[PDB]
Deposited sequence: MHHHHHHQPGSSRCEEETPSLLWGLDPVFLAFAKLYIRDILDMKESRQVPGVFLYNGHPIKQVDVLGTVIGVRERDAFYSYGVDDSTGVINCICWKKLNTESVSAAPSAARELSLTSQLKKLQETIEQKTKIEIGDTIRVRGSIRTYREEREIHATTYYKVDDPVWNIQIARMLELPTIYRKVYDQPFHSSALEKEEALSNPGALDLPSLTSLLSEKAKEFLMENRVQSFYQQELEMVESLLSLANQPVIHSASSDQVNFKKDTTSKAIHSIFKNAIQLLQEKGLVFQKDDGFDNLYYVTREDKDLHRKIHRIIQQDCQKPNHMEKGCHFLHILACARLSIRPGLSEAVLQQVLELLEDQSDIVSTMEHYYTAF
């Protein structure tokens, strides 16, 4: 069983446990300390019952009421006990202890075994005024709940650790959580130093791998992580003077209304030739127009995007379509 030194850590040790009298009459008593009973490994020192009086036996100074609560019957041993306010108070605490057969009584005390028949020695008892049977109905609904939640329960990583995996494995472990910032924040364009001030992406960069100026070396971990979004083909930049400005391909659609207006003339050529256009028939009108060093990762990734504008027939790979 549970050792005696570990009993006081249980919070039910110092509480009046709301138990059935079927459980009070069936709990095992501890061989260590007599007077303490164990239900499911919890030390039960004192209880709290509510039931109907079915017997009254008076002695000199105590009563011994029998109490039934539809689960069991047990004997409870209840010990006998400005001047206009004290007098009428004493005729109130004598009507709470005027108990006959058929009344409802609340008894809070401690279990004392008496050679294979148990009793409850009440430190506090009174007569419960239950005219419409409300209190004894609310106890039948509460007692399965306090059992199942309290008395039946027993008493008792590379993302999380980025400092282990090093820098060539950490650039590809920062860009995917940098990409999710760009999704719901409707960001059209950004600078490189704007991501170096978000604490959601700064604490995942200055790991103890980079002890070999640290705050100058965190520019290198952000530059090599943003670039992986560019060789994959999701961000891009135009010739504007500074090298830290980037644009997201997914958000801006002035470029999407230049890739859609090439079909207005069937890529500006008649169709005596090869049927339709190709992926590189855009390329003769896109790099000479916009940027000569435009990467091919974003050339057809825009055509992956506007496919639900009823644009052309995506009949197969490596092939554009005319009307």
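Peer 1: Compare what was deposited with what's modelled and send me the C-alpha-less stretches, numbered from 1.
Peer 2: Seq positions lacking coordinates: 1 to 16, 98 to 114, 190 to 196, 253 to 263.
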